[PDB]
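Undergrad: Sharing a structure, written as structure tokens. Questions coming.
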Amino acid sequence: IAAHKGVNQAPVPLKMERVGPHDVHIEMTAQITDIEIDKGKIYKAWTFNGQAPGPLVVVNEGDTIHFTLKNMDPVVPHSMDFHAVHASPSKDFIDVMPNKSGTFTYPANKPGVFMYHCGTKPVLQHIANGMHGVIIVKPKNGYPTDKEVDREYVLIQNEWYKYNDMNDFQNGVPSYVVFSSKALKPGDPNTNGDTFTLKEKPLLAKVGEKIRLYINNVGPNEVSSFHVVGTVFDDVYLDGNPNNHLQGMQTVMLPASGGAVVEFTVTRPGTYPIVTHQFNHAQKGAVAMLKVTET
Amino acid sequence: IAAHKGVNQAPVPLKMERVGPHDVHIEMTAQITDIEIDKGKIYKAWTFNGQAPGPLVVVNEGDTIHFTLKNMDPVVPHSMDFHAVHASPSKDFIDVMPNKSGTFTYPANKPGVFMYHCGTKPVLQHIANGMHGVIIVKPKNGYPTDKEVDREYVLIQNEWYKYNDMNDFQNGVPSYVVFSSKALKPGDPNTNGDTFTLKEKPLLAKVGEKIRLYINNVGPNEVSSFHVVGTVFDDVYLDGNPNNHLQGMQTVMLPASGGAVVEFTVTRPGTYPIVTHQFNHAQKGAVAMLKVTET
Amino acid sequence: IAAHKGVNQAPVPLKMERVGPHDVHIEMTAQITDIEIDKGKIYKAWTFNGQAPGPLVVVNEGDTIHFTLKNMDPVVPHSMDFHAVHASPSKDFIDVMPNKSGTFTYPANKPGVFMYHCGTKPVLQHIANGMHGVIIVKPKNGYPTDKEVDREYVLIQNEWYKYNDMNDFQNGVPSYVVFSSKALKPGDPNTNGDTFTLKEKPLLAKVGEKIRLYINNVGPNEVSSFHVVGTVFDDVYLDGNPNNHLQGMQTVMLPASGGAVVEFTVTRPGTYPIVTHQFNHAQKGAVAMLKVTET
Ligand SMILES: [Cu+2]
Ligand SMILES: [Cu+2]
Ligand SMILES: [Cu+2]
Ligand SMILES: [Cu+2]
Ligand SMILES: [Cu+2]
Ligand SMILES: [Cu+2]
Ligand SMILES: [Cu+2]
Ligand SMILES: [Cu+2]
Ligand SMILES: [Cu+2]
Ligand SMILES: [Cu+2]
Ligand SMILES: [Cu+2]
Ligand SMILES: [Cu+2]
Ligand SMILES: [Cu+2]
Ligand SMILES: [Cu+2]
Ligand SMILES: [Cu+2]
Ligand SMILES: [Cu+2]
Ligand SMILES: [Cu+2]
Ligand SMILES: [Cu+2]
Ligand SMILES: [Cu+2]
Ligand SMILES: [Cu+2]
Ligand SMILES: [Cu+2]
């Protein structure tokens, strides 16, 4: 796109504030930002806030979100679809023109680990170019295993294709498949979907800890066979809903847009790979590392 | 196939009648019928009754089906495999020659949303050419959420490939992926697997209604990441068995031949897309629309 | 690989012995062995013990495994990752050099049907060349349906690609997709992943029996839509964990590395195909047969 030539918009922080016991304001941008998705490979991503996947959003069950999108793209319209919410897509997930803002309000009444993404036609194009992310809705009564958990992180799986190439998007295999981590607490890493960062700077944990991961596979196109090497998932909550409880799963099947909360114990010091077990995808980037130390 | 050149057999209604408290007769044809699968694109489908997917069958749990297939194909043998039933495949799912009929009897003792399809070798060929459909077996004691449901529809996902091309069938990506709807009550639409009809003539509902969809992904080859935009599934019953209860799912993973019953609430007026969230497939046709009005 | 030219190492039996109430010794090899994966097609597989998938391992819940790998490959390092176990991957799933042995110890504290495989980088290469298998961990308290089961078998799904071709492994469709069976009791068949053996020598059963299959889809890359023609799964335990109970499933979605225990009734004499319902894969080999007789 001629109007994207030379465009690299610096990342903008997510803006979020609570405005009542059950109401939260969220402000995001749609912007065009160079991301190093593999060593030496820059993708001029269509993004929320200059991150792909986008910034993490965390709300409580029963929060109404008053969402603003500021569209910094000089020429492409953008929008927002939160899977967490009940909304009219044709009224509430509508386009915001270049250099304009739009505000939309809707309730998140279901707990879980939900995909968000741009909903501008063609949606495949907007997702594949990078406009995806996760919103976590925390359950009013927790998870039955909350007391057992020592440490938590968020991981997101996505693919990258040939740049802005709709033929490849629809008919081609992914060039890269990648994990990223998004921060829940201060000092947690916050990364983009790339083939290397979580190998070179592993997630950290202590020997003996029960780890919770909030996970979502945003696609756009592939399913994920989520697995942590050297452990077994003690508990799995499909879509992060507490009712959808499985136990003792080696591998969690995630549809495209599918999420889960998974919990597992790391019993011994070492580095534990985290993979999609569809190994072609793993080979093309989708391996993260968890480094487990005696401290 | 030379003997299919110029052949376009007009659709024949499904014939069905109950013959006892636990016995039903079903009569279908195998026939060769031109279907417009995308605008301007005619596929000379191998079909049951001139529809692809085929006509909807609905029986009660515990019904024995006395099934007749009348094969109108001038040259290809056809057969029928109902996933709902317990049967000897080598006795009961056998070929019916051109211009002949065959009758087969077997029990449907399990509730759910089951695939049917031709079982003639090579089965990939017969399915990919259009010989698939759904049979619903209604549970003797219902679903625990029956009282909450205001409106119901059936949706079926399938793919289309290059015409009768076994290399493409086995090794190629789908050309189109599509939804169709099959009527449960008078006035419901009844459509074929195409890229457009359910966009141009959306399914209808009223603001505030809880909608049930009976869904199956007949493939032949892809899995489906079933999602309704702007809602969350309140309840999901895997394969339509009441025991396989999930709650609060954003997206339902369906294997090839996989079914579900899903329920969700439409809270606001508008048009709600229904997709497989594998967006390459969505782009290639697999988006239906639900239009929600104040009436 | 020049050092594999002309190499065909005869299969070596699995060595296994119990050494205490909760401890078992297992000795396997990594070796290079010609396998006929389709009629006329020899693949010089990288294997455990000259079988691909490898030999079946069965332990009890709570057994500690003292595992030895003897690496007979003249030039490639190999390793072992059991999904059943809690282990440090960077200490316990490490490489064994050509002509050396290594011993590793770790607990199997979770019941189920678990993948094992070589964990040597690039793991896609080692898995795709044949270094995969299943370990069954029997639950201390059984399955609630144990008393109903008349007969049991193990089935494993895997793919084969162009020989040792990492481009094909990562970017290509499978050449073949196959089932194999591995023996649980004397007289059970024990086969390799091929397109024909389980068609030509079907698994056997008696009319009216409830059959249990322990199943795993080892990939490397595809998911599986597991289905038995002419029946419905009465009970399904995801990953073989007794808690992950589904009922009345026509088809079981398995991620890559995913397992299950499935139970179904064969009501009538005949031959019952067993398929992945992703029919492109079925066409390329993934159909096994169960022959059901009045004896
Ligand atoms: Cu309150
Ligand atoms: Cu506000
Ligand atoms: Cu956009
Ligand atoms: Cu979406
Ligand atoms: Cu792909
Ligand atoms: Cu702890
Ligand atoms: Cu574990
Ligand atoms: Cu009766
Ligand atoms: Cu009759
Ligand atoms: Cu047919
Ligand atoms: Cu079938
Ligand atoms: Cu495909
Ligand atoms: Cu209502
Ligand atoms: Cu909803
Ligand atoms: Cu003991
Ligand atoms: Cu020992
Ligand atoms: Cu190896
Ligand atoms: Cu593994
Ligand atoms: Cu493939
Ligand atoms: Cu019995
Ligand atoms: Cu059955």
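In the structure tokens, the first chain shown is A, the next is B, and so on; residue numbers restart at 1 for each chain, and ligands run from 1 in the order shown.
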Quick one: superpose chain B onto chain A using all C-alpha atoms paired in order, least squares, and give it to me as a short mmCIF file (atom, residue, chain, number, x, y, z; two decimals) with C-alpha atoms, in the first residue's frame.

TA:
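For reference, selection39.cif as written:
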```cif
data_model
loop_
_atom_site.label_atom_id
_atom_site.label_comp_id
_atom_site.auth_asym_id
_atom_site.auth_seq_id
_atom_site.Cartn_x
_atom_site.Cartn_y
_atom_site.Cartn_z
CA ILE B 1 0.00 0.00 0.00
CA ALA B 2 1.61 3.23 -1.19
CA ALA B 3 0.41 5.14 1.91
CA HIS B 4 2.11 2.59 4.17
CA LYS B 5 5.49 2.95 2.41
CA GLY B 6 8.01 4.14 5.06
CA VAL B 7 5.37 4.09 7.81
CA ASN B 8 6.50 2.80 11.18
CA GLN B 9 4.30 4.15 13.96
CA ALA B 10 5.90 3.91 17.38
CA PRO B 11 4.01 1.67 19.84
CA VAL B 12 1.40 3.48 22.05
CA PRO B 13 0.55 2.09 25.53
CA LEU B 14 -2.78 0.55 26.11
CA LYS B 15 -4.95 2.95 28.10
CA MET B 16 -7.31 1.37 30.60
CA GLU B 17 -9.10 2.62 33.69
CA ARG B 18 -11.94 1.46 35.84
CA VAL B 19 -14.87 3.87 35.97
CA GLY B 20 -17.23 1.95 38.24
CA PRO B 21 -17.63 -1.35 40.06
CA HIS B 22 -18.73 -2.98 36.82
CA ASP B 23 -17.45 -0.59 34.12
CA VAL B 24 -14.05 -0.18 32.49
CA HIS B 25 -12.71 2.18 29.84
CA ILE B 26 -10.24 0.85 27.21
CA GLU B 27 -8.55 2.91 24.57
CA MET B 28 -6.52 1.31 21.80
CA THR B 29 -5.07 2.41 18.47
CA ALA B 30 -4.96 0.77 15.08
CA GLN B 31 -1.48 1.56 13.70
CA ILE B 32 1.13 0.35 11.24
CA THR B 33 4.33 -0.88 12.90
CA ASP B 34 7.49 -2.80 11.82
CA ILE B 35 7.92 -6.01 13.78
CA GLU B 36 10.87 -8.41 13.55
CA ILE B 37 9.00 -11.69 13.27
CA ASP B 38 12.07 -13.83 12.51
CA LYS B 39 15.75 -12.92 12.62
CA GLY B 40 16.31 -10.51 9.75
CA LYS B 41 12.64 -10.50 8.70
CA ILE B 42 10.60 -7.37 9.22
CA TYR B 43 6.81 -7.49 8.76
CA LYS B 44 5.08 -4.05 8.52
CA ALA B 45 2.22 -5.25 10.67
CA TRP B 46 -1.29 -3.89 10.99
CA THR B 47 -1.61 -3.72 14.73
CA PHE B 48 -3.42 -2.62 17.83
CA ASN B 49 -1.02 -0.24 19.67
CA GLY B 50 2.08 -1.33 17.75
CA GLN B 51 2.13 -4.86 19.17
CA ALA B 52 1.13 -8.12 17.28
CA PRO B 53 -0.59 -9.82 18.90
CA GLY B 54 -1.99 -6.72 20.55
CA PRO B 55 -1.82 -5.63 24.17
CA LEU B 56 -3.34 -7.85 26.82
CA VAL B 57 -6.74 -6.74 28.21
CA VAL B 58 -7.90 -8.10 31.58
CA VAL B 59 -11.39 -7.36 32.96
CA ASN B 60 -13.64 -9.01 35.57
CA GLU B 61 -16.66 -11.10 34.81
CA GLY B 62 -19.65 -8.70 34.60
CA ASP B 63 -17.65 -5.65 33.48
CA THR B 64 -19.07 -3.47 30.77
CA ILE B 65 -16.32 -2.28 28.44
CA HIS B 66 -16.47 1.27 26.99
CA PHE B 67 -14.01 0.79 24.16
CA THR B 68 -12.43 3.45 22.01
CA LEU B 69 -10.45 2.76 18.84
CA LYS B 70 -8.28 5.57 17.49
CA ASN B 71 -7.43 4.66 13.91
CA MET B 72 -3.88 5.97 13.01
CA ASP B 73 -3.76 4.09 9.70
CA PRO B 74 -3.55 6.76 7.01
CA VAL B 75 -5.77 4.93 4.59
CA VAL B 76 -7.28 1.59 5.87
CA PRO B 77 -10.42 1.43 8.07
CA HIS B 78 -10.19 -0.74 11.19
CA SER B 79 -12.50 -2.13 13.83
CA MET B 80 -12.63 -4.26 16.95
CA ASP B 81 -14.38 -7.55 17.76
CA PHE B 82 -13.92 -8.87 21.31
CA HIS B 83 -15.01 -12.51 21.59
CA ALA B 84 -15.65 -11.88 25.32
CA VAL B 85 -18.63 -9.65 24.68
CA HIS B 86 -22.33 -9.76 23.72
CA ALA B 87 -22.76 -7.19 21.01
CA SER B 88 -24.44 -6.31 17.73
CA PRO B 89 -21.67 -6.89 15.18
CA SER B 90 -23.31 -4.56 12.59
CA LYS B 91 -23.60 -1.67 15.16
CA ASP B 92 -20.81 -2.30 17.67
CA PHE B 93 -17.93 -3.90 15.68
CA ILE B 94 -18.07 -1.31 12.91
CA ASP B 95 -15.31 0.46 10.98
CA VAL B 96 -13.43 3.53 12.26
CA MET B 97 -12.06 5.58 9.32
CA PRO B 98 -8.44 6.74 9.07
CA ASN B 99 -7.63 9.51 11.56
CA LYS B 100 -10.96 9.08 13.36
CA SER B 101 -12.07 7.52 16.64
CA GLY B 102 -14.99 5.36 17.57
CA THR B 103 -16.48 4.36 20.90
CA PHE B 104 -18.46 1.16 21.48
CA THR B 105 -19.96 -0.27 24.71
CA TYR B 106 -20.73 -3.89 25.55
CA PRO B 107 -20.74 -6.41 28.47
CA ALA B 108 -18.25 -9.18 29.19
CA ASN B 109 -20.50 -11.57 31.15
CA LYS B 110 -18.59 -14.80 30.56
CA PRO B 111 -15.27 -15.81 32.19
CA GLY B 112 -12.45 -17.01 29.96
CA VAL B 113 -9.54 -16.46 27.63
CA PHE B 114 -11.00 -14.79 24.57
CA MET B 115 -9.65 -13.75 21.20
CA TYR B 116 -10.03 -10.15 19.98
CA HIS B 117 -9.31 -8.95 16.52
CA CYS B 118 -10.13 -6.39 13.84
CA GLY B 119 -13.41 -7.20 12.12
CA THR B 120 -12.96 -5.14 8.91
CA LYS B 121 -13.63 -6.94 5.62
CA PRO B 122 -11.78 -8.96 4.51
CA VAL B 123 -11.26 -10.14 8.07
CA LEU B 124 -8.67 -12.74 7.00
CA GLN B 125 -6.51 -9.83 5.73
CA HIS B 126 -6.75 -7.77 8.91
CA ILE B 127 -6.10 -10.75 11.22
CA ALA B 128 -3.25 -12.14 9.09
CA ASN B 129 -1.56 -8.74 8.99
CA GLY B 130 -1.41 -8.75 12.80
CA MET B 131 -4.65 -7.34 14.23
CA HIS B 132 -5.33 -10.03 16.92
CA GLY B 133 -4.92 -10.33 20.68
CA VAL B 134 -6.44 -11.73 23.87
CA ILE B 135 -8.85 -10.40 26.44
CA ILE B 136 -9.03 -12.30 29.76
CA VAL B 137 -12.23 -12.16 31.77
CA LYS B 138 -11.56 -13.23 35.33
CA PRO B 139 -14.29 -15.49 36.85
CA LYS B 140 -16.23 -13.94 39.70
CA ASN B 141 -15.61 -17.09 41.76
CA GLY B 142 -12.20 -18.06 40.50
CA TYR B 143 -11.08 -21.50 39.40
CA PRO B 144 -11.27 -24.40 41.85
CA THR B 145 -7.53 -24.84 41.61
CA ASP B 146 -6.58 -21.18 42.25
CA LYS B 147 -5.04 -21.95 45.63
CA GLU B 148 -2.60 -24.46 44.08
CA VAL B 149 -1.13 -22.02 41.51
CA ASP B 150 2.27 -20.46 42.19
CA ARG B 151 2.95 -18.47 39.03
CA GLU B 152 1.05 -17.50 35.93
CA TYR B 153 1.80 -16.28 32.36
CA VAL B 154 -0.07 -15.62 29.13
CA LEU B 155 0.88 -17.17 25.82
CA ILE B 156 -0.58 -16.50 22.39
CA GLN B 157 -0.03 -18.51 19.16
CA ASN B 158 -0.31 -16.93 15.74
CA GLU B 159 0.89 -17.36 12.19
CA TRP B 160 2.62 -15.12 9.70
CA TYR B 161 2.33 -15.33 5.95
CA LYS B 162 3.83 -13.56 2.92
CA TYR B 163 3.38 -9.89 3.39
CA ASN B 164 -0.17 -8.67 2.76
CA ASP B 165 -0.63 -11.44 0.24
CA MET B 166 -4.28 -12.53 0.15
CA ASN B 167 -3.55 -15.47 -2.14
CA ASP B 168 -1.04 -16.79 0.43
CA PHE B 169 -3.37 -15.98 3.29
CA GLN B 170 -6.13 -18.14 1.79
CA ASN B 171 -4.17 -20.93 0.03
CA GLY B 172 -0.68 -21.13 1.44
CA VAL B 173 1.05 -22.70 4.34
CA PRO B 174 2.26 -20.34 7.11
CA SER B 175 5.76 -18.96 6.76
CA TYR B 176 6.17 -18.74 10.53
CA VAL B 177 4.12 -19.87 13.51
CA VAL B 178 4.93 -18.16 16.73
CA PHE B 179 4.33 -17.65 20.44
CA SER B 180 4.30 -14.40 22.35
CA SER B 181 3.80 -13.58 26.03
CA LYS B 182 1.80 -10.69 27.41
CA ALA B 183 2.32 -9.27 30.87
CA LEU B 184 -0.13 -9.88 33.75
CA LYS B 185 1.97 -8.39 36.55
CA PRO B 186 4.87 -5.97 36.69
CA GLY B 187 8.10 -7.52 35.55
CA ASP B 188 6.45 -10.10 33.34
CA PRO B 189 7.76 -10.09 29.78
CA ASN B 190 5.66 -8.57 27.04
CA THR B 191 6.60 -9.67 23.62
CA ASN B 192 5.44 -9.86 19.98
CA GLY B 193 4.76 -12.92 17.85
CA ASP B 194 8.26 -13.92 16.75
CA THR B 195 10.33 -17.11 16.26
CA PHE B 196 13.01 -16.34 18.84
CA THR B 197 12.38 -14.06 21.82
CA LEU B 198 10.88 -16.71 24.14
CA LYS B 199 13.76 -19.06 23.28
CA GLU B 200 16.42 -16.47 24.03
CA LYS B 201 14.66 -14.97 27.05
CA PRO B 202 12.67 -17.94 28.47
CA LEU B 203 9.78 -17.52 30.80
CA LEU B 204 11.01 -18.11 34.42
CA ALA B 205 9.86 -20.35 37.23
CA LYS B 206 11.05 -22.17 40.37
CA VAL B 207 11.47 -25.89 40.89
CA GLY B 208 8.28 -27.48 42.23
CA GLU B 209 5.90 -24.70 41.20
CA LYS B 210 2.49 -25.20 39.71
CA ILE B 211 2.33 -22.92 36.69
CA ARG B 212 -0.87 -21.58 35.11
CA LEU B 213 -0.86 -20.48 31.48
CA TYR B 214 -3.67 -18.48 29.94
CA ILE B 215 -3.44 -19.47 26.25
CA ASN B 216 -5.12 -18.64 23.00
CA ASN B 217 -4.49 -19.64 19.46
CA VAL B 218 -5.51 -16.66 17.36
CA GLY B 219 -4.69 -18.31 14.03
CA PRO B 220 -5.73 -16.87 11.61
CA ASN B 221 -5.93 -20.30 10.04
CA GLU B 222 -4.37 -23.17 11.98
CA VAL B 223 -5.49 -25.19 14.99
CA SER B 224 -2.95 -25.79 17.80
CA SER B 225 -1.90 -28.97 19.71
CA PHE B 226 -0.63 -27.23 22.79
CA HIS B 227 1.95 -29.12 24.86
CA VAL B 228 4.56 -28.44 27.54
CA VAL B 229 7.57 -30.79 27.32
CA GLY B 230 8.43 -32.77 30.48
CA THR B 231 5.08 -32.31 32.25
CA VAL B 232 1.40 -33.24 31.94
CA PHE B 233 -1.45 -30.70 32.41
CA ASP B 234 -2.91 -31.35 35.90
CA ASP B 235 -6.00 -29.27 35.01
CA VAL B 236 -7.36 -27.67 31.89
CA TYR B 237 -10.28 -25.32 31.64
CA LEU B 238 -11.53 -25.06 28.04
CA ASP B 239 -11.92 -21.44 26.94
CA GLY B 240 -11.00 -20.54 30.50
CA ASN B 241 -14.48 -21.32 31.67
CA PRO B 242 -14.27 -23.02 35.07
CA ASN B 243 -16.95 -25.55 34.17
CA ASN B 244 -15.05 -27.03 31.23
CA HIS B 245 -12.72 -29.03 33.38
CA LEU B 246 -10.35 -31.68 32.11
CA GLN B 247 -7.58 -33.42 34.00
CA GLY B 248 -4.25 -35.06 33.08
CA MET B 249 -4.06 -33.93 29.49
CA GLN B 250 -0.82 -34.25 27.68
CA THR B 251 -1.90 -31.94 24.87
CA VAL B 252 -4.73 -29.42 24.45
CA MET B 253 -6.47 -29.09 21.07
CA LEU B 254 -7.26 -25.42 20.38
CA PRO B 255 -9.43 -24.35 17.43
CA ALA B 256 -8.53 -21.20 15.68
CA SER B 257 -9.55 -18.51 18.22
CA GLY B 258 -9.63 -21.17 20.92
CA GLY B 259 -8.42 -20.58 24.43
CA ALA B 260 -7.72 -22.43 27.63
CA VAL B 261 -6.38 -22.16 31.10
CA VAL B 262 -3.85 -24.92 31.72
CA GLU B 263 -1.96 -25.83 34.90
CA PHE B 264 1.06 -28.06 35.28
CA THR B 265 3.86 -28.80 37.76
CA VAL B 266 7.57 -28.40 36.94
CA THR B 267 9.29 -30.91 39.17
CA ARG B 268 13.02 -30.55 38.27
CA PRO B 269 15.43 -27.80 37.33
CA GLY B 270 15.92 -27.33 33.63
CA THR B 271 14.56 -25.74 30.46
CA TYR B 272 11.11 -26.91 29.39
CA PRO B 273 10.04 -26.27 25.80
CA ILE B 274 6.48 -25.23 25.10
CA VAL B 275 5.22 -26.21 21.68
CA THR B 276 2.42 -26.72 19.33
CA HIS B 277 2.86 -30.49 18.74
CA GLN B 278 2.03 -29.98 15.08
CA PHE B 279 5.71 -30.09 14.49
CA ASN B 280 5.78 -28.39 11.15
CA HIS B 281 4.51 -25.33 12.96
CA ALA B 282 7.02 -25.86 15.75
CA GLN B 283 9.80 -26.01 13.24
CA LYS B 284 8.60 -22.74 11.74
CA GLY B 285 8.88 -20.94 15.04
CA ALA B 286 6.29 -22.20 17.56
CA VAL B 287 8.55 -23.20 20.44
CA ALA B 288 8.83 -21.06 23.61
CA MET B 289 10.99 -21.94 26.61
CA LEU B 290 10.33 -22.06 30.34
CA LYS B 291 13.50 -22.01 32.47
CA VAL B 292 13.04 -23.60 35.88
CA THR B 293 15.64 -22.84 38.57
CA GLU B 294 16.17 -23.72 42.14
CA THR B 295 15.47 -20.07 42.96
#
```

Undergrad: Any chance you could list, as a ChimeraX atom specification, the residues in region 195-277 of chain A that come up strand (DSSP E) when DSSP is run on the backbone?

TA: /A:203-206,210-219,224-228,233-238,245-249,252-254,259-265,270-276

Undergrad: For the atom pair atom 1 (Cu, counted along the ligand's line) of ligand 18 and atom 1 (Cu, counted along the ligand's line) of ligand 4, what is the interatomic distance in Å to one decimal place?

TA: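 Computing the Euclidean distance for atom 1 (Cu, counted along the ligand's line) of ligand 18 and atom 1 (Cu, counted along the ligand's line) of ligand 4 yields 29.4 Å.
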
Undergrad: Just the helix (DSSP H, G or I) stuff from region 52-210 of chain B, please, per backbone DSSP, written as a PyMOL selection string.

TA: chain B and resi 89-92+123-128+146-148+166-171+197-200

Undergrad: For the atom pair atom 1 (Cu, counted along the ligand's line) of ligand 1 and atom 1 (Cu, counted along the ligand's line) of ligand 14, what is the interatomic distance in Å to one decimal place?

TA: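 A separation of 21.0 Å between them.
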